Amino acid sequence: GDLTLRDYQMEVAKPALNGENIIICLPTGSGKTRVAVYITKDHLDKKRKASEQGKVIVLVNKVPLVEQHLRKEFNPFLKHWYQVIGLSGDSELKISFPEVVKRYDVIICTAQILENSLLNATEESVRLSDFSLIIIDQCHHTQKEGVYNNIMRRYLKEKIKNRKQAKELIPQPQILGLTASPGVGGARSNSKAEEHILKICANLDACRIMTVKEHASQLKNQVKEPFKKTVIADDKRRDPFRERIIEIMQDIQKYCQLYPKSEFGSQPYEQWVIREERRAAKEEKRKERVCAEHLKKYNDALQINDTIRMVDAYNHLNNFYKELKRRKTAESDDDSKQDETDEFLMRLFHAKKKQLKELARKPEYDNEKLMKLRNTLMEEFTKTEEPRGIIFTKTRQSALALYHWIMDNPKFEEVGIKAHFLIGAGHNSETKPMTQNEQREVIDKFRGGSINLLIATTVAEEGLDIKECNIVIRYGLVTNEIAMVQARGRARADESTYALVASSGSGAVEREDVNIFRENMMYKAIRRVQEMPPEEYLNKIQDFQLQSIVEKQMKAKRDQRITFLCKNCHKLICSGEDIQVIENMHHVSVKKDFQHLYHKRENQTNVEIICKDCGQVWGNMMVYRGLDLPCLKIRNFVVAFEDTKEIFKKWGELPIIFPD
RNA sequence: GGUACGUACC
RNA sequence: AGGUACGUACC
Ligand SMILES: Nc1ncnc2c1ncn2[C@@H]1O[C@H](COP(=O)(O)OP(=O)(O)O)[C@@H](O)[C@H]1O
Ligand SMILES: [Mg+2]
Ligand SMILES: [Zn+2]
């Protein structure tokens, strides 16, 4: 096309075109990135005409956004005129970042790529003075100890150094924040809402926060807000699955004599039962910790029964005991593991297994939210010829299980729905992740039409370019005000709707209302900081900027501060001398006859390392320099000090540095 | 692995 | 403040 702005876009851009630092607040679908390109071209064109050094960096918080901002926005309008490049940690150039800065005029990258070069840690580096404009996308993250705020804390530091050089001149970049909502910072009052707006203004060094006002009617025509529903389920159904699981948990509690001060299937129970597992492992109480381990899995089944279907609660238990069968049973290619407690808990499950399995095949006692979800999907997918939608849910397991729920039900396939899950790429969950490539292909199929309905976690709410939806359902999920408006922003087709499906017992309905309340406070707070006089604004911004510098000085001073027993059976296994590190992350035992203390089972290599005497997971085997080496996960051991017994979730939590 | 942010519950 | 869990992300 040709690079022009709409009247509402020009109204918010104007201060940035005159060199002033600003935050631009534009809704989803408004074209915030197109404003960034117009400002980028305008900024550079002026620097050429004035015979000056022009250089722009566009910082993003996700890797796909580097590629996305190149194709859709920056390359089409700047590639023929200026040197443009996209860069991230995933892309492996054979060029140092300092050289990339020297050769290119527009740099789009993830923020940590800039921070890594500013910090150095390991070798003529980059400074913020090298850039004349810094654009921060999703600038509401310019907060607390996030990369955006560390970059901007360096900016504010050099700003104070520049005042000293006047008295005895290092140049400062222009700064442009881009967001839909700066948010409210979890405030429950208007004062704390306004404070949070001023903090974000202070962190980005904004002369003014900027919203569409004059051309507000035009903006309302461009983006249409969806219709709001709240579909509540009172849960007056009988729940024999809950009742029978509770009887099993009560049976297990009597055996070990561990009694809670909390309801079954609740979050305090989960905290209690995990705490009780940790204590029992430290105190060499195998009976107590094994029962607590099983009790947690039954507590998972209850809360699974609350959110998804009872077959998934059953399969959660059934797979756990299938995994126990594999580890505890003696196989070939080996060198009794079953206690009284192990046999007690196993027999208990097999006794109730018949009833639970067949009770789960009766859909009349299945979750009420599932039928509220069904009825919402059915009426909305028949409404339009070529529909599309997203179901937001909390857990990864619920995303997969809802996908199976839709697949094991041909009436959804009959009505035109073709579902697929969409989850995160991290490896800190008990459910397996989708890779960054698998995420990219599902969203490409979603826009193509091959996939019709995403069942997503918070992966789907911010940043990524997802096709306009006719429906977005928040299935029990209520997070913050920013995520709310972002979810509601995905619903921007003709006749689009936004629906909270939830139970009245969960309290998610009430938390949605507080986020609605907070969203209203945010617009009132933005209005007040804009109407604030310059003398009042500048004083308050300097206070926050000054105390933000002190905040990191405190956290800097905060951060400036044996044998291994098996957690289940307490057998002596390693000394502290035996452990060594590979790639400065994976810890490995190097005892000469370590092989005799563990067995191998399949589920850098998919082979578990389990205790010989009790079948407790210790970690996995790995190949490194052509040597089969045992990797020990710290979670599975009671570390014994000789001066006290403790358990750690990470190797970094130990006060011990290990060799190469 | 390391770190950050969000939510709920202590 | 810190802790537990879920979730997401970046290097
Ligand atoms: N001034 C403009 N003229 C023509 N097209 C525009 C203009 N501004 C934005 N667009 C188009 O609208 C789309 C903006 O959508 P999106 O990127 O979802 O906005 P946001 O990132 O603000 O949610 C882009 O694909 C762009 O081509
Ligand atoms: Mg955009
Ligand atoms: Zn053991």
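Lettering follows sequence order; numbering is per chain, from 1. Hydrogens, waters and symmetry mates are skipped; everything else that's a heavy atom, side chains included, is used.
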Tell me, please, the opening and closing nucleotides of RNA chain C, 5' to 3', among those with an atom under 4.0 angstrom from a non-hydrogen atom of chain A. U4(C) to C11(C)
Could you work out, with side-chain contact (heavy atoms from CB on, under 4.5 Å) as the rule, every residue matching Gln112(A), not counting sequence neighbours? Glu115(A), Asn116(A), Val147(A)
Do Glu481(A) and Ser181(A) have side-chain heavy atoms sitting under 4.5 Å apart? no
Under 4.0 Å between any heavy atoms, over every strand shown, what does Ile423(A) touch: base, sugar-phosphate, or nothing? Just pick one. sugar-phosphate
Contacts satisfying side chain to side chain donor-acceptor pair (under 3.5 Å) that involve residues 645-660 of chain A (not counting sequence neighbours) are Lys282(A)-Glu646(A)
So what does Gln143(A) touch, heavy atoms closer than 4.0 Å: a base, only the sugar-phosphate, or nothing? sugar-phosphate
In short, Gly89(A) meets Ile113(A) closest at the heavy-atom pair N-CD1, 3.7 Å
Under a 3.5 Å threshold, yes or no: a donor from one side chain and an acceptor from the other, between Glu462(A) and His141(A)? yes
For nucleotides 1-3 of chain B, list the nitrogen or oxygen atoms of the protein found under 3.5 Å from its nitrogen or oxygen atoms, one pair per line.
from: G1(B); atom 1: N7; to: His427(A); atom 2: NE2; distance (Å): 2.9

Do any of residues 430-446 of chain A sit with a heavy atom less than 4.0 Å from RNA chain B, and if so which? none
Any side-chain donor paired with an acceptor under 3.5 Å for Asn515(A) and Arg518(A)? yes
Min side-chain heavy-atom separation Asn636(A)-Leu632(A) under 4.5 Å: no
Closer than 4.0 angstrom, basic N to acidic O: yes or no for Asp312(A) and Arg309(A)? yes
Taking for each residue the nucleotide of RNA chain C bearing the nearest heavy atom, is the 5' side occupied by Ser88(A) or by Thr457(A)? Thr457(A)
Step by step, would you call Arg474(A) with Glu461(A) a salt bridge (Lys or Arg N to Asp or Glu O under 4.0 Å)? CA-CA 11 Å; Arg474(A) 303 222 97 188; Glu461(A) 73 201 0; 2.8 Å; yes
Start at the 5' end of RNA chain C and walk down; is the nucleotide closest to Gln397(A) or to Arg275(A) reached first? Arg275(A)
Within the 4.0 Å heavy-atom criterion, would you say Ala425(A) contacts the bases, only the backbone, or no part of the nucleic acid? sugar-phosphate
Residues in contact with RNA chain B, drawn from residues 295-308 of chain A - heavy-atom cutoff 4.0 Å: none
Closer to the 5' end of RNA chain B via nearest nucleotide, is it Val478(A) or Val147(A)? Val147(A)
Any non-hydrogen side-chain atom of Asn367(A) less than 4.5 Å from a side-chain atom of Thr307(A)? no
Residue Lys62(A) excluded, over 12 heavy atoms near NZ under 6.0 Å: yes
Heavy atoms, side chains only, cut-off 4.5 Å: are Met249(A) and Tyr269(A) in contact? yes
Hey, are the side chains of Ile455(A) and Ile406(A) touching, using non-hydrogen atoms and a 4.5 Å cut-off? yes
